[PDB]
Each structure stands twice: as C-alpha cells, then as structure tokens.
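For reference, each letter of the first sequence is one residue, going -2 to 154, 160 to 432 in the deposited numbering.
The beta carbon of each residue, even a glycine, is placed where N, CA and C say it ideally should be.
Inspection log for the structure reproduced underneath, given as structure tokens.
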Amino acid sequence: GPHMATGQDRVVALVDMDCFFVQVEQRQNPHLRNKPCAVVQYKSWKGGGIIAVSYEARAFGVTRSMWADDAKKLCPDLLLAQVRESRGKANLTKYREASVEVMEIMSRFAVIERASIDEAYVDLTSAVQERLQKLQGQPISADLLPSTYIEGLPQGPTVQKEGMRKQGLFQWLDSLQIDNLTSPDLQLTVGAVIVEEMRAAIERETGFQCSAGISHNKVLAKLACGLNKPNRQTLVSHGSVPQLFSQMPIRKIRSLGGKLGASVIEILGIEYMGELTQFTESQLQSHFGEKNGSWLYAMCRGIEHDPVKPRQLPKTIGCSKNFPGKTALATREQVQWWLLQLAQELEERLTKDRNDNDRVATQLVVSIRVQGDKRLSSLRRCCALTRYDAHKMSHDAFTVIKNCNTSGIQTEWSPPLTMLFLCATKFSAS
DNA sequence: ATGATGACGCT
DNA sequence: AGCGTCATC
Ligand SMILES: Nc1ccn([C@H]2C[C@H](O)[C@@H](COP(=O)(O)OP(=O)(O)OP(=O)(O)O)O2)c(=O)n1
Ligand SMILES: [Ca+2]
Ligand SMILES: [Ca+2]
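Printed below as a string of structure tokens:
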C-alpha cells in the first residue's frame, strides 16, 4: 500500500498537429481553408495517393492510402494540393521547415523529444513545480483551460459537447487539492494550463492548430491526445485509468498496435487494456519476455517509466524511392541514375544540416529491394560517408551493390529492383 | 500500385 | 553489422 509506486512522479505531454500537411498547404493557399481537401503524392497513378486529409473531408470517408480518384467518388468537391516533386520524387522540405517552426516554439517551454515531423513529447515536471511556487496557492480559473477535457468527467449525479466539457472541467476544478503541492492531479492541471499556453503560442506564431495529451508518462499522453481532436487538449489522470482502460482496445496503446499486441490477445484471450491487471509480472514475462512482461505489468496500471529524451533533431537522414510493378529497375544504367537522384537530394539535405546544426554524418547506409520479396528491405549495407558529394555517395552506394545483381549479361540488372534507399547516419559534432 | 520516412530492439 | 518491428515522419 504505502510502498507501491503509482507512476505519478512526472508530468508529460504529447502535442501533435492537426491534419498537419493539409494545414501547411491551407496556410499557403487560403482557397483550401474550411474545405474538404487532401494532400497528395504523384498525380499520374489514380490522381495520386492521399497522405493527409482535412477534417471536413474526413466527414465524407476520405482516408490516407486512398487514391485521389477513389477519394473523389466519396467527395466530388474535394480539393487537392500536391507534394513538391524534385527528381522524379516527392520532396518534403516544406513540411520539415514547417515542423521546425513548431519545434522551436515548443522548445521555449521545455526540453522536447521530437517524435515525428508533427509531434513532440514534453516533460513539464520542472515547469509545473516552478509555476506552482509562482501562484500563491490561488485557485485555477476555468478560463485558464478553455480547450481542456478531463477524461471520465463529468460523472455522477446540456446535451451539446462544449456543455459537457465545462461540466467535467468544473467538477474536476471544484474537487482540487490546491493546499497540497505534491498532489499529482494538481500537477497535471498546471501542466495543462502551460499546454494551453504552448498551443496558443503555436497558433499565433504559425497559424497551425494542434491537440495535446497531458498525463504522467508518454503512453498516456499519446493516448490522451487522440481523445478530443481536433484543436482540443485532454488531461488523463491516474484515477481515470481503470475506467479508460476497461474498454480500451489493447491495439490503441503505443507499441501494441502490431504483432506483440496481436499475441497478447491470442495468448491471454483478452480484448482490452484493463484485463492485463489480472496477470502477475512473472506470468507476463513468461509469455512475452522479461522486458515486455514488466512493461505490460506496469502499463495496464497506468505506469510507464520511458523518459522524454532531450532530442529536438533527427539521428538519421534518408531518401527512398519505390519502383513498383512494371517500373522496377532492370538496367545498371538506370540504377546509377536513381542512386544519383537520391544522393543529390541527400547532399542537399546534408549540407543544410551541417550549417544549421553543426554536425556531420559519417556513415552511409544503402538499402534496396528486389522484385518478389515482400519485406520493406531485402538487404542493407553500410560504407564510409567521407564527403557530402552526391556523385561519390551514389558511386559508393553502387559499389556496395553489384554482388546482388545475378546477371551474367553485363548491361542488364537481374532481378529487378523494387526500391532504393540511402541514409546518412553516425552523426558527429562539426 | 500508397509511398516516404524515422526510432529502436534483437542478435 | 544486418535484419525486424512499430508508428506515422
Ligand atoms: N503514413 C503517413 C502518415 C503521416 N504522414 C504525414 C502527413 C500528415 O499530415 C503528417 C502527420 O500525420 P498524423 O498521422 O499525425 O496525422 P495528421 O496530422 O495528418 O492528422 P491527425 O493527426 O489530425 O489525425 O504526417 C504521411 O505522409 N504518411
Ligand atoms: Ca497529426
Ligand atoms: Ca503525429
């Protein structure tokens, strides 16, 4: 009882941008605002494949992966922006540069872990403590939290949704332990007020809206962020967890969306995250290994110790192109040419990274695929990255793959290549 | 025939 | 080192 760790030691937030790429396109072209639209890659094949969808467009059933032409059946008025194309390949710099905008603002509040192009985790333990001293044990006005939901409230003994939001908010705030500094619920609340600030800062300074989750760890924060999208934040407290997890499908938890999660269901015969609490740490370890068993044991009780890593920049930089079906590469003459195009973009990206961030990459990973094989990568080989020269990298990248070419006939390339991937890594200070 | 990323774990 | 998983970058 008194020596049980309840995982209330930190305050963590996850901020993720709403329909990010679409927002970037809509800030640029006002015609796309307040309209079902989507962001698209390579117009030729079926209007291009959709990679981002506005919320107005989601109301018609339009989804990522979907071809635009199919998407226009569900929603004839759908507007598209296209990804910039630069060497017969998609160039994402617009959305990288837009992400930096966001990460720099967030970096002003707390040290962030960049988790993707449009999302970072934040550790607010310090900012909350330091802010608790500044408020003179005064209450927290509801006006400090104009977009916050409290998961599981209102409960106990106004139909429209802002009505409920306020009701849970007041119920929560009315019940608060302002006298106690180390009350975890009070901490989450201060954290939440800071995130209102962060988010109001992001929008003022970029015009981009986001949602956020606030909890005691990265996995709850992540989960919480999804609960009230778009343009809202959610607080998931320790106490809400049993009810939240009691009907939460296991696959909704980060790192259980794939096969490990599939086997937790199949082995244990359960559907929901709360059903894991009926199993011992030893039982869980026997089934899924020591590291998973322990992590699962804790997680279903809302406890997770994975830290918010101080890393605003990427640790690898890379470019891939897929050559599906008919298009697969079957002449060394065109393997060169694509390795050159890739290497060119990479060099563009690398030299920028060297001046911006004061670091140089030192290793060049070269991956490829071959026709028939249905695994992201067939093989993967490293070599030194001594110089930011596209012709040298692409040559080196070629050198590192011929072996694989089964062709006795010299001009050709067998079997054909379904994908080329080049990636800079082993960074070092510069 | 979504395609283009990136982090991390296991051996 | 090189392969595999996870997520969504
Ligand atoms: N498989 C994917 C997933 C995402 N993205 C890009 C486009 C998205 O705009 C952005 C962020 O993706 P999210 O999965 O966070 O989803 P969105 O931000 O598009 O919308 P939301 O997060 O509001 O659901 O990353 C992509 O190119 N390919
Ligand atoms: Ca997003
Ligand atoms: Ca995201």
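- Taking each of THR318, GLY327, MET275 in turn and checking the Cα distance to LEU387, the smallest one comes out for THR318.
- Counting only runs of at least 4 residues, the stretch 330 to 390 fully encloses the following alpha helix (DSSP H) elements, listed from N- to C-terminal order: 334 to 359.
- Take the alpha-carbon of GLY241 and the one of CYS227: they are about 17 Å apart.
- Ligand 2 never approaches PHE18 closely enough for any of its heavy atoms to be under 7 Å from the residue's Cβ.
- Of all residues, those with a beta-carbon under 6 Å from at least one heavy atom of ligand 3 are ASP13, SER113, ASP115, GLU116, reported in chain order.
- If you draw a straight line from the Cα of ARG313 to the Cα of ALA345, it comes to about 26 Å.
- When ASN31, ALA35, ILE370, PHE429 are compared, the shortest CA-CA separation from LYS323 is found for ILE370.
- Under the rule that a run must span 4 or more residues, the alpha helix (DSSP H) segments found entirely inside the stretch 188 to 265 read 220 to 229, 243 to 248.
- DSSP places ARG55 within a helical segment (H, G or I) once states are collapsed to three.
- Assigned with DSSP and collapsed to three states, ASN324 falls in strand.
- Per the C-alpha coordinates, the member of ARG303, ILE216, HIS393 positioned closest to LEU190 is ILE216.
- With a cut-off of 8 Å on Cβ pairs, the stretch 79 to 89 is in contact with the stretch 29 to 44, counting three or more such pairs.
- If you check the CB distance, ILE47 and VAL59 come in under 8 Å.
- Beta-bridge analysis with DSSP links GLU164 to no other residue.
- A distance of 8 Å or more separates the beta carbons of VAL197 and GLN133.
- DSSP places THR145 inside the beta strand (DSSP E), whose first and last residues are 145 to 147.
- The residues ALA139, in chain order, have a CB closer than 7 Å to that of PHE172 in the same chain once the five nearest residues on each side in sequence are set aside.
- With respect to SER432, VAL362 sits close: the two C-beta atoms are nearer than 8 Å.
- For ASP67, the enclosing alpha helix (DSSP H) starts and ends at 65 to 71.
- Between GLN373 and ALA330 a beta carbon distance of about 5 Å is seen, short of the 8 Å cut, so the two are scored as contacting.
- Contact annotation: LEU341 and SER396 have beta-carbon atoms nearer than 8 Å.
- Take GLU22, set aside five residues on each side of it, and the residues of its chain with a beta-carbon closer than 7 Å to its own are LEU29, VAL36, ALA78, in chain order.
- Taking every protein chain shown into account, the CB of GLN343 has 16 or more other CB atoms within 10 angstroms, so this residue is buried.
- In the DSSP assignment, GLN38 is bridged to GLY46.
- By the neighbour-count criterion, in which a residue is buried when 16 or more other Cβ atoms sit within 10 angstroms of its Cβ, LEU183 is exposed.
- When secondary structure is reduced to three states using DSSP, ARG7 falls in the coil class, being assigned neither helix nor strand.
- The closest heavy atom of ligand 1 lies 7 Å or more from the beta carbon of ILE147.
- For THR318, the secondary structure class from DSSP, reduced to helix, strand or coil, is coil.
- DSSP places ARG111 in the uninterrupted beta strand (DSSP E) bounded by 109 to 113.
- With a beta-carbon spacing of about 18 Å, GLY276 and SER296 fall beyond the 8 Å limit used to define contacts.
- A Cβ-Cβ contact shorter than 8 Å links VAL221 with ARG256.
- In this structure, DSSP gives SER138 a state outside helix and strand, which the three-state scheme calls coil.
- Counting C-beta pairs with one atom in each stretch, the stretch 14 to 21 and the stretch 197 to 213 have three or more that are closer than 8 Å, which means they touch.
- One alpha carbon belongs to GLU101, the other to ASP74, and they sit about 36 Å apart.
- In this chain, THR60 is not harboured by any beta strand (DSSP E), its DSSP state being neither H nor E.
- DSSP links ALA78 through a beta bridge to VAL36.
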